[PDB]
>>> print(open('input19.cif').read())   # mmCIF, C-alpha atoms
data_input
loop_
_atom_site.label_atom_id
_atom_site.label_comp_id
_atom_site.auth_asym_id
_atom_site.auth_seq_id
_atom_site.Cartn_x
_atom_site.Cartn_y
_atom_site.Cartn_z
CA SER A 28 -71.27 -67.49 14.13
CA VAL A 29 -72.35 -64.93 16.74
CA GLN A 30 -74.73 -67.59 18.09
CA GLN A 31 -71.90 -70.14 18.36
CA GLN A 32 -69.59 -67.67 20.17
CA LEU A 33 -72.22 -66.78 22.76
CA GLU A 34 -73.01 -70.46 23.32
CA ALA A 35 -69.35 -71.28 23.91
CA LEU A 36 -68.98 -68.27 26.19
CA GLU A 37 -71.96 -69.41 28.25
CA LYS A 38 -70.71 -73.00 28.49
CA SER A 39 -67.27 -72.07 29.71
CA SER A 40 -68.62 -69.49 32.14
CA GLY A 41 -70.73 -72.07 33.99
CA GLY A 42 -73.97 -70.10 33.95
CA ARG A 43 -76.92 -68.78 31.96
CA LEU A 44 -76.46 -65.87 29.57
CA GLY A 45 -79.20 -63.63 28.15
CA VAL A 46 -78.49 -61.06 25.36
CA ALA A 47 -80.71 -58.76 23.30
CA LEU A 48 -79.21 -56.31 20.79
CA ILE A 49 -81.46 -53.99 18.74
CA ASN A 50 -79.86 -52.18 15.79
CA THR A 51 -82.04 -49.13 15.30
CA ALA A 52 -80.84 -48.58 11.72
CA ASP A 53 -83.01 -51.48 10.50
CA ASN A 54 -84.69 -52.88 13.65
CA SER A 55 -82.58 -56.00 13.27
CA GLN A 56 -81.97 -58.02 16.41
CA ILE A 57 -79.36 -60.38 17.87
CA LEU A 59 -81.09 -62.59 20.49
CA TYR A 60 -79.71 -65.24 22.86
CA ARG A 61 -82.16 -66.64 25.44
CA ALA A 62 -83.96 -63.31 25.00
CA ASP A 63 -87.38 -64.69 26.00
CA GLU A 64 -86.12 -66.22 29.24
CA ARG A 65 -86.68 -64.42 32.54
CA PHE A 66 -83.81 -63.06 34.57
CA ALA A 67 -83.66 -61.21 37.86
CA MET A 68 -83.25 -57.51 37.04
CA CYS A 69 -81.43 -56.44 40.20
CA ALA A 70 -80.64 -52.70 39.99
CA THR A 71 -81.51 -52.48 36.26
CA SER A 72 -85.10 -52.13 37.50
CA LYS A 73 -84.09 -48.73 38.86
CA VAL A 74 -84.46 -47.29 35.33
CA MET A 75 -88.21 -48.06 35.40
CA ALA A 76 -88.76 -46.42 38.78
CA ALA A 77 -86.88 -43.30 37.69
CA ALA A 78 -88.77 -43.19 34.40
CA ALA A 79 -92.07 -43.51 36.24
CA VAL A 80 -91.28 -40.35 38.18
CA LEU A 81 -90.23 -38.54 34.99
CA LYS A 82 -93.60 -39.52 33.48
CA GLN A 83 -95.39 -37.87 36.40
CA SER A 84 -93.32 -34.71 35.89
CA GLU A 85 -94.81 -34.34 32.38
CA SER A 86 -98.04 -33.08 34.01
CA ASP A 87 -96.67 -31.56 37.24
CA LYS A 88 -93.96 -28.91 36.83
CA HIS A 89 -93.01 -28.78 40.54
CA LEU A 90 -92.49 -32.49 41.10
CA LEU A 91 -88.82 -33.04 40.35
CA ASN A 92 -87.79 -30.26 42.73
CA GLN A 93 -89.98 -31.58 45.54
CA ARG A 94 -87.80 -32.20 48.65
CA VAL A 95 -87.67 -35.55 50.43
CA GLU A 96 -86.26 -35.85 53.98
CA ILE A 97 -83.57 -38.48 54.58
CA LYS A 98 -83.68 -40.03 58.05
CA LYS A 99 -81.08 -42.46 59.40
CA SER A 100 -83.89 -45.10 59.56
CA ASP A 101 -84.49 -44.82 55.82
CA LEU A 102 -81.02 -46.08 55.07
CA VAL A 103 -80.73 -49.67 53.94
CA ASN A 104 -77.71 -51.35 52.48
CA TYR A 105 -75.31 -49.54 50.17
CA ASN A 106 -76.28 -45.78 50.35
CA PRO A 107 -73.32 -43.87 48.82
CA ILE A 108 -75.27 -40.64 48.12
CA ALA A 109 -78.15 -40.69 50.62
CA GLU A 110 -75.83 -41.19 53.62
CA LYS A 111 -74.25 -37.85 52.65
CA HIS A 112 -77.69 -36.17 53.32
CA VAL A 113 -79.04 -37.67 56.59
CA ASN A 114 -81.09 -35.12 58.55
CA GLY A 115 -81.25 -33.15 55.28
CA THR A 116 -83.27 -33.41 52.10
CA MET A 117 -82.89 -34.59 48.55
CA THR A 118 -85.10 -33.65 45.64
CA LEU A 119 -86.86 -36.26 43.54
CA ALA A 120 -84.48 -35.32 40.72
CA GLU A 121 -81.46 -35.88 42.97
CA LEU A 122 -82.87 -39.22 44.08
CA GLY A 123 -83.35 -40.32 40.47
CA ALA A 124 -79.75 -39.35 39.72
CA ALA A 125 -78.47 -41.10 42.81
CA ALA A 126 -80.47 -44.25 42.07
CA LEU A 127 -79.20 -44.41 38.50
CA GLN A 128 -75.59 -43.13 38.53
CA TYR A 129 -74.38 -44.61 41.86
CA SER A 130 -77.00 -47.38 42.28
CA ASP A 131 -77.99 -45.96 45.66
CA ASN A 132 -80.54 -48.26 47.29
CA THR A 133 -82.09 -45.70 49.63
CA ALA A 134 -82.78 -43.54 46.58
CA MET A 135 -84.62 -46.40 44.86
CA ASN A 136 -86.83 -47.04 47.93
CA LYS A 137 -87.73 -43.34 48.17
CA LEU A 138 -88.80 -43.41 44.53
CA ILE A 139 -90.91 -46.55 45.11
CA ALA A 140 -92.56 -45.07 48.21
CA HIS A 141 -93.35 -41.82 46.39
CA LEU A 142 -95.01 -43.77 43.60
CA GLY A 143 -97.05 -45.91 46.02
CA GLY A 144 -95.19 -49.23 46.04
CA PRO A 145 -93.63 -51.71 43.58
CA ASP A 146 -96.96 -52.48 41.90
CA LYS A 147 -97.07 -48.89 40.61
CA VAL A 148 -93.75 -49.40 38.86
CA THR A 149 -95.23 -52.49 37.17
CA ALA A 150 -98.33 -50.56 36.12
CA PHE A 151 -96.14 -47.91 34.52
CA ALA A 152 -94.28 -50.62 32.58
CA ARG A 153 -97.63 -51.95 31.37
CA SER A 154 -98.61 -48.46 30.20
CA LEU A 155 -95.56 -48.48 27.91
CA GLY A 156 -96.64 -51.80 26.34
CA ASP A 157 -94.23 -53.92 28.40
CA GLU A 158 -96.24 -56.97 29.44
CA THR A 159 -93.22 -58.85 30.90
CA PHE A 160 -91.56 -56.57 33.49
CA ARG A 161 -92.65 -57.09 37.07
CA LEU A 162 -91.39 -55.42 40.23
CA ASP A 163 -92.52 -57.18 43.41
CA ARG A 164 -90.15 -56.12 46.18
CA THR A 165 -88.15 -53.16 47.48
CA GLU A 166 -84.41 -52.93 48.23
CA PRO A 167 -82.48 -54.91 49.23
CA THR A 168 -84.53 -58.05 48.81
CA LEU A 169 -85.29 -57.53 45.10
CA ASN A 170 -81.70 -58.76 44.46
CA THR A 171 -82.10 -62.31 45.77
CA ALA A 172 -82.15 -63.60 42.14
CA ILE A 173 -83.30 -67.13 43.10
CA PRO A 174 -83.38 -69.48 40.08
CA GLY A 175 -86.94 -69.92 38.87
CA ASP A 176 -88.33 -67.16 41.08
CA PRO A 177 -90.51 -64.88 38.91
CA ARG A 178 -90.38 -61.91 41.28
CA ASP A 179 -88.52 -58.81 40.09
CA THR A 180 -87.74 -60.36 36.71
CA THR A 181 -87.99 -59.50 33.02
CA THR A 182 -86.61 -60.87 29.78
CA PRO A 183 -83.71 -59.50 27.72
CA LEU A 184 -85.87 -58.73 24.70
CA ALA A 185 -88.60 -57.02 26.75
CA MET A 186 -86.07 -54.86 28.56
CA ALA A 187 -84.28 -54.05 25.33
CA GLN A 188 -87.54 -52.93 23.66
CA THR A 189 -88.62 -50.87 26.65
CA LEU A 190 -85.17 -49.25 27.05
CA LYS A 191 -85.29 -48.26 23.39
CA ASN A 192 -88.76 -46.73 23.84
CA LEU A 193 -87.67 -44.81 26.95
CA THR A 194 -84.43 -43.35 25.58
CA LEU A 195 -84.96 -43.10 21.82
CA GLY A 196 -88.69 -43.48 21.20
CA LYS A 197 -92.21 -42.58 22.22
CA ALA A 198 -92.45 -43.38 25.93
CA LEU A 199 -91.45 -39.98 27.39
CA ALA A 200 -91.84 -36.40 26.26
CA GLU A 201 -88.65 -34.87 24.92
CA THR A 202 -87.48 -32.99 28.03
CA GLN A 203 -87.99 -36.09 30.19
CA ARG A 204 -86.44 -38.43 27.64
CA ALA A 205 -83.40 -36.14 27.50
CA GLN A 206 -83.13 -36.08 31.28
CA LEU A 207 -83.18 -39.90 31.43
CA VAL A 208 -80.42 -40.08 28.78
CA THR A 209 -78.33 -37.51 30.63
CA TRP A 210 -78.57 -39.62 33.79
CA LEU A 211 -77.61 -42.89 32.05
CA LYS A 212 -74.64 -41.32 30.28
CA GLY A 213 -73.23 -40.13 33.65
CA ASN A 214 -73.36 -43.59 35.24
CA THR A 215 -70.25 -44.27 37.30
CA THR A 216 -70.71 -48.04 37.88
CA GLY A 217 -70.39 -49.59 34.40
CA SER A 218 -66.73 -49.25 33.36
CA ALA A 219 -65.96 -52.99 33.48
CA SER A 220 -69.26 -54.18 31.98
CA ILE A 221 -70.63 -53.47 28.44
CA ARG A 222 -68.46 -50.33 28.11
CA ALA A 223 -65.27 -52.41 28.37
CA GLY A 224 -66.26 -54.49 25.32
CA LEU A 225 -66.74 -51.46 23.04
CA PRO A 226 -64.56 -48.99 21.17
CA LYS A 227 -63.47 -46.37 23.66
CA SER A 228 -64.76 -43.53 21.43
CA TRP A 229 -68.37 -44.74 21.47
CA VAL A 230 -70.75 -42.95 23.83
CA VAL A 231 -72.69 -45.21 26.21
CA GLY A 232 -75.51 -44.79 28.70
CA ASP A 233 -76.07 -47.85 30.88
CA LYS A 234 -77.39 -49.19 34.17
CA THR A 235 -75.72 -52.13 35.91
CA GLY A 236 -77.24 -54.62 38.29
CA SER A 237 -75.83 -57.31 40.56
CA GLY A 238 -77.28 -59.73 43.07
CA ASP A 240 -76.97 -63.18 44.55
CA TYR A 241 -76.35 -66.26 42.45
CA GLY A 242 -73.55 -64.26 40.84
CA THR A 243 -76.21 -62.35 38.95
CA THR A 244 -74.45 -59.76 36.82
CA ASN A 245 -76.43 -57.45 34.56
CA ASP A 246 -76.03 -54.36 32.37
CA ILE A 247 -78.44 -52.55 30.04
CA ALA A 248 -77.09 -49.88 27.69
CA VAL A 249 -77.87 -47.42 24.92
CA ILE A 250 -74.92 -47.00 22.57
CA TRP A 251 -74.19 -44.11 20.19
CA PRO A 252 -71.54 -45.00 17.58
CA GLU A 254 -69.63 -42.15 15.92
CA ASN A 255 -70.91 -42.81 12.40
CA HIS A 256 -73.93 -45.07 12.87
CA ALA A 257 -77.39 -45.18 14.32
CA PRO A 258 -77.72 -46.09 18.01
CA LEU A 259 -77.64 -49.61 19.39
CA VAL A 260 -79.56 -50.93 22.39
CA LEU A 261 -77.96 -53.81 24.28
CA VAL A 262 -79.13 -55.85 27.28
CA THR A 263 -76.72 -58.42 28.83
CA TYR A 264 -78.05 -60.52 31.72
CA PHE A 265 -76.08 -63.32 33.39
CA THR A 266 -76.75 -65.58 36.39
CA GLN A 267 -75.22 -68.73 37.88
CA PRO A 268 -76.42 -71.81 39.80
CA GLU A 269 -74.69 -71.28 43.20
CA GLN A 270 -76.01 -68.62 45.58
CA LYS A 271 -72.52 -67.36 46.52
CA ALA A 272 -71.09 -67.24 42.98
CA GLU A 273 -68.84 -64.32 42.15
CA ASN A 274 -70.27 -61.67 39.89
CA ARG A 275 -68.76 -61.67 36.39
CA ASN A 276 -68.73 -58.27 34.73
CA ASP A 277 -66.01 -59.57 32.36
CA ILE A 278 -68.60 -61.96 30.86
CA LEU A 279 -70.82 -58.98 29.99
CA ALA A 280 -67.90 -57.16 28.39
CA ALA A 281 -67.04 -60.27 26.38
CA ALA A 282 -70.64 -60.67 25.23
CA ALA A 283 -70.72 -57.02 24.21
CA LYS A 284 -67.59 -57.50 22.12
CA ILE A 285 -69.01 -60.59 20.37
CA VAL A 286 -72.35 -59.04 19.32
CA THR A 287 -71.07 -55.70 18.03
CA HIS A 288 -68.24 -57.21 16.03
CA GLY A 289 -68.27 -55.96 12.45
#
>>> encode(input="input19.cif", output="structure tokens")
Amino acid sequence: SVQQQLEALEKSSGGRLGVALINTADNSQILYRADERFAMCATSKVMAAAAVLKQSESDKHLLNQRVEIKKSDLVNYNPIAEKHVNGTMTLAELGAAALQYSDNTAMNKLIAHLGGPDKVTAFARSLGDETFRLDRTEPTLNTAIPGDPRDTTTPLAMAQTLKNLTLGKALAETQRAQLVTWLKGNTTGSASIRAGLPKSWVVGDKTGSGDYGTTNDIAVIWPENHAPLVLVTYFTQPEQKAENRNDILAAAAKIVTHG
């Protein structure tokens, strides 16, 4: 069975696997440890970006508001923001950079605009997500310590909320569309869920990775002849210095969309 294949995959991998697939044709679900908490790592960046889009629903100048990038703002891994030191980036550009390149400076600028991590949590609560919590900024939100509740969610909660954000009621249409456009242009996910799927399918996703070999991907999937699928694959391991395992996420994607 699908359940037996995921269990064997997890055993042989040496870690803990969390999967939630929602089939929007009939709201059927494939769940594996989907009520267990996992460290989100950079998959939390979707919530911070969405929180800014929500603000833009009532303020038509917000996304084009300029933000100055100073050398001191830079943290670790800054592929887009480092290209703009002593210049500016708009809030829209920072959302794009946070999502499509997983820029960490971009994420911190979004959090600071919103007023801190607790405002990202409050936004999640406003969508009906009672599980998501963001506690820290970059880079420390990726420590992914086993049993640590900070900066965690569950696979099912994140799958439900990702569906609401991209396909459902959470955002007005223009903002929903802008979020989907960003996810579809992600550059970081080619070896994760996407690699387990037919090459013709269209995918929007956001990866995450952290310590304890924590390796994550969340995706919206548009088949060519079927209703969309939403898939969350979270994976973490017991040793702090474990290698990340994007191949495990690809394998899990292949198992749960078979037939």
>>> residues_near_point(input="input19.cif", point="(-76.8, -51.9, 39.5)", cutoff="8 Å", atoms="only C-alpha atoms", output="PyMOL selection string")
chain A and resi 69-71+73+127+130+216+234-237+245-246
>>> write_last_selection(input="input19.cif", atoms="C-alpha atoms", output="short mmCIF file (atom, residue, chain, number, x, y, z; two decimals), keeping the file's coordinate frame")
data_model
loop_
_atom_site.label_atom_id
_atom_site.label_comp_id
_atom_site.auth_asym_id
_atom_site.auth_seq_id
_atom_site.Cartn_x
_atom_site.Cartn_y
_atom_site.Cartn_z
CA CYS A 69 -81.43 -56.44 40.20
CA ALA A 70 -80.64 -52.70 39.99
CA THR A 71 -81.51 -52.48 36.26
CA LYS A 73 -84.09 -48.73 38.86
CA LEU A 127 -79.20 -44.41 38.50
CA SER A 130 -77.00 -47.38 42.28
CA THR A 216 -70.71 -48.04 37.88
CA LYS A 234 -77.39 -49.19 34.17
CA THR A 235 -75.72 -52.13 35.91
CA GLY A 236 -77.24 -54.62 38.29
CA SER A 237 -75.83 -57.31 40.56
CA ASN A 245 -76.43 -57.45 34.56
CA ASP A 246 -76.03 -54.36 32.37
#
>>> axis_aligned_box(input="input19.cif", around="range 81-88 of chain A", padding_each_side="3 Å", output="AutoDock Vina command-line options")
--center_x -94.1 --center_y -34.2 --center_z 34.8 --size_x 13.8 --size_y 16.6 --size_z 10.9
>>> resolve_selection(input="input19.cif", expression="the PyMOL selection byres ((chain A and resi 194) around 9)", output="CSV table (one decimal) with C-alpha atoms, in the frame of the given file")
chain,number,residue,atom,x,y,z
A,189,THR,CA,-88.6,-50.9,26.6
A,190,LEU,CA,-85.2,-49.2,27.0
A,191,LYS,CA,-85.3,-48.3,23.4
A,192,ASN,CA,-88.8,-46.7,23.8
A,193,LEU,CA,-87.7,-44.8,27.0
A,195,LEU,CA,-85.0,-43.1,21.8
A,196,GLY,CA,-88.7,-43.5,21.2
A,197,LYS,CA,-92.2,-42.6,22.2
A,198,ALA,CA,-92.4,-43.4,25.9
A,199,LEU,CA,-91.4,-40.0,27.4
A,204,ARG,CA,-86.4,-38.4,27.6
A,205,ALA,CA,-83.4,-36.1,27.5
A,207,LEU,CA,-83.2,-39.9,31.4
A,208,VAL,CA,-80.4,-40.1,28.8
A,249,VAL,CA,-77.9,-47.4,24.9
>>> atom_distance(input="input19.cif", atom1="CA of residue 55 in chain A", atom2="CA of residue 217 in chain A")
25.2 Å
>>> closest_residue(input="input19.cif", among="A:247, A:47, A:282, A:126", to="residue 231 in chain A", atoms="only C-alpha atoms")
A:247
>>> resolve_selection(input="input19.cif", expression="the PyMOL selection byres ((chain A and resi 157) around 12)", output="list in words")
residues 75, 148, 149, 150, 151, 152, 153, 154, 155, 156, 158, 159, 160, 161, 181, 182, 183, 184, 185, 186, 187, 188, 189, 190, 191, 192, 193 and 198 of chain A
>>> resolve_selection(input="input19.cif", expression="the PyMOL selection byres ((chain A and resi 118) around 7)", output="JSON, numbers by chain")
{"A": [91, 92, 93, 94, 95, 116, 117, 119, 120, 121, 122]}
>>> residues_around(input="input19.cif", residues="residue 266 in chain A", least_positions_apart="2", cutoff="9 Å", atoms="all atoms listed in the file", output="list in words")
residues 42, 43, 44, 45, 66, 67, 172, 174, 238, 240, 241, 242, 243, 244, 245, 264, 268, 272, 274 and 275 of chain A
>>> residues_near_point(input="input19.cif", point="(-87.6, -42.5, 44.3)", cutoff="8 Å", atoms="all atoms listed in the file", output="ChimeraX atom specification")
/A:76-77,80,119,122-123,126,134-142
>>> closest_residue(input="input19.cif", among="A:263, A:202, A:228, A:276", to="residue 48 in chain A", atoms="only C-alpha atoms")
A:263
>>> atom_distance(input="input19.cif", atom1="CA of residue 259 in chain A", atom2="CA of residue 41 in chain A")
27.7 Å
>>> residues_around(input="input19.cif", residues="residue 110 in chain A", least_positions_apart="3", cutoff="9 Å", atoms="only C-alpha atoms", output="list in words")
residues 97, 99, 102, 106, 107, 113 and 133 of chain A
>>> atom_distance(input="input19.cif", atom1="CA of residue 255 in chain A", atom2="CA of residue 213 in chain A")
21.5 Å
>>> closest_residue(input="input19.cif", among="A:46, A:78, A:103, A:90", to="residue 64 in chain A", atoms="only C-alpha atoms")
A:46
>>> closest_residue(input="input19.cif", among="A:100, A:146, A:229, A:167", to="residue 131 in chain A", atoms="only C-alpha atoms")
A:167
>>> decode(input="input19.cif", residues="range 262-285 of chain A", atoms="N, CA and C atoms", output="PDB file, in the first residue's frame")
ATOM      1  N   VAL A 262       2.618  18.413   0.781  1.00  0.00           N
ATOM      2  CA  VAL A 262       3.665  18.816   1.720  1.00  0.00           C
ATOM      3  C   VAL A 262       4.519  17.596   2.058  1.00  0.00           C
ATOM      4  N   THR A 263       5.850  17.695   1.872  1.00  0.00           N
ATOM      5  CA  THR A 263       6.784  16.642   2.282  1.00  0.00           C
ATOM      6  C   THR A 263       7.841  17.216   3.221  1.00  0.00           C
ATOM      7  N   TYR A 264       7.808  16.806   4.487  1.00  0.00           N
ATOM      8  CA  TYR A 264       8.771  17.236   5.488  1.00  0.00           C
ATOM      9  C   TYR A 264       9.618  16.033   5.901  1.00  0.00           C
ATOM     10  N   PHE A 265      10.892  16.262   6.173  1.00  0.00           N
ATOM     11  CA  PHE A 265      11.788  15.166   6.529  1.00  0.00           C
ATOM     12  C   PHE A 265      12.881  15.723   7.428  1.00  0.00           C
ATOM     13  N   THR A 266      13.197  14.993   8.506  1.00  0.00           N
ATOM     14  CA  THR A 266      14.258  15.400   9.430  1.00  0.00           C
ATOM     15  C   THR A 266      14.890  14.147  10.032  1.00  0.00           C
ATOM     16  N   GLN A 267      16.104  14.300  10.550  1.00  0.00           N
ATOM     17  CA  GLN A 267      16.952  13.183  10.953  1.00  0.00           C
ATOM     18  C   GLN A 267      17.494  13.398  12.355  1.00  0.00           C
ATOM     19  N   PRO A 268      18.050  12.361  12.989  1.00  0.00           N
ATOM     20  CA  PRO A 268      18.429  12.521  14.411  1.00  0.00           C
ATOM     21  C   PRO A 268      19.784  13.180  14.689  1.00  0.00           C
ATOM     22  N   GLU A 269      20.712  13.236  13.744  1.00  0.00           N
ATOM     23  CA  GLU A 269      22.018  13.847  13.965  1.00  0.00           C
ATOM     24  C   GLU A 269      22.010  15.271  13.418  1.00  0.00           C
ATOM     25  N   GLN A 270      22.590  16.180  14.193  1.00  0.00           N
ATOM     26  CA  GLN A 270      22.625  17.596  13.834  1.00  0.00           C
ATOM     27  C   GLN A 270      23.267  17.865  12.477  1.00  0.00           C
ATOM     28  N   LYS A 271      24.323  17.135  12.131  1.00  0.00           N
ATOM     29  CA  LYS A 271      25.099  17.365  10.921  1.00  0.00           C
ATOM     30  C   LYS A 271      24.711  16.418   9.784  1.00  0.00           C
ATOM     31  N   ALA A 272      23.524  15.820   9.843  1.00  0.00           N
ATOM     32  CA  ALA A 272      23.060  14.957   8.762  1.00  0.00           C
ATOM     33  C   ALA A 272      23.012  15.716   7.445  1.00  0.00           C
ATOM     34  N   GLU A 273      23.256  14.990   6.357  1.00  0.00           N
ATOM     35  CA  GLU A 273      23.087  15.576   5.037  1.00  0.00           C
ATOM     36  C   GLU A 273      21.603  15.759   4.758  1.00  0.00           C
ATOM     37  N   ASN A 274      21.295  16.795   4.009  1.00  0.00           N
ATOM     38  CA  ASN A 274      19.939  16.990   3.537  1.00  0.00           C
ATOM     39  C   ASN A 274      19.658  15.988   2.423  1.00  0.00           C
ATOM     40  N   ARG A 275      18.389  15.646   2.249  1.00  0.00           N
ATOM     41  CA  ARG A 275      17.997  14.486   1.417  1.00  0.00           C
ATOM     42  C   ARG A 275      16.828  14.866   0.501  1.00  0.00           C
ATOM     43  N   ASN A 276      17.092  15.695  -0.500  1.00  0.00           N
ATOM     44  CA  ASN A 276      16.002  16.060  -1.388  1.00  0.00           C
ATOM     45  C   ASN A 276      15.498  14.874  -2.198  1.00  0.00           C
ATOM     46  N   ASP A 277      16.341  13.844  -2.393  1.00  0.00           N
ATOM     47  CA  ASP A 277      15.921  12.633  -3.109  1.00  0.00           C
ATOM     48  C   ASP A 277      14.802  11.898  -2.369  1.00  0.00           C
ATOM     49  N   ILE A 278      14.809  11.949  -1.042  1.00  0.00           N
ATOM     50  CA  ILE A 278      13.736  11.352  -0.242  1.00  0.00           C
ATOM     51  C   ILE A 278      12.405  12.045  -0.523  1.00  0.00           C
ATOM     52  N   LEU A 279      12.422  13.372  -0.694  1.00  0.00           N
ATOM     53  CA  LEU A 279      11.180  14.089  -0.984  1.00  0.00           C
ATOM     54  C   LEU A 279      10.669  13.732  -2.360  1.00  0.00           C
ATOM     55  N   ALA A 280      11.576  13.635  -3.329  1.00  0.00           N
ATOM     56  CA  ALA A 280      11.187  13.207  -4.673  1.00  0.00           C
ATOM     57  C   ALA A 280      10.598  11.804  -4.638  1.00  0.00           C
ATOM     58  N   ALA A 281      11.226  10.894  -3.884  1.00  0.00           N
ATOM     59  CA  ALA A 281      10.705   9.531  -3.818  1.00  0.00           C
ATOM     60  C   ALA A 281       9.326   9.507  -3.182  1.00  0.00           C
ATOM     61  N   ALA A 282       9.138  10.255  -2.095  1.00  0.00           N
ATOM     62  CA  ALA A 282       7.824  10.330  -1.474  1.00  0.00           C
ATOM     63  C   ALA A 282       6.794  10.918  -2.428  1.00  0.00           C
ATOM     64  N   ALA A 283       7.173  11.931  -3.199  1.00  0.00           N
ATOM     65  CA  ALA A 283       6.224  12.465  -4.165  1.00  0.00           C
ATOM     66  C   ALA A 283       5.801  11.405  -5.166  1.00  0.00           C
ATOM     67  N   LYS A 284       6.754  10.609  -5.640  1.00  0.00           N
ATOM     68  CA  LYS A 284       6.431   9.584  -6.625  1.00  0.00           C
ATOM     69  C   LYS A 284       5.488   8.541  -6.045  1.00  0.00           C
ATOM     70  N   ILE A 285       5.715   8.132  -4.792  1.00  0.00           N
ATOM     71  CA  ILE A 285       4.854   7.128  -4.161  1.00  0.00           C
ATOM     72  C   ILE A 285       3.408   7.610  -4.080  1.00  0.00           C
TER      73      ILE A 285
END
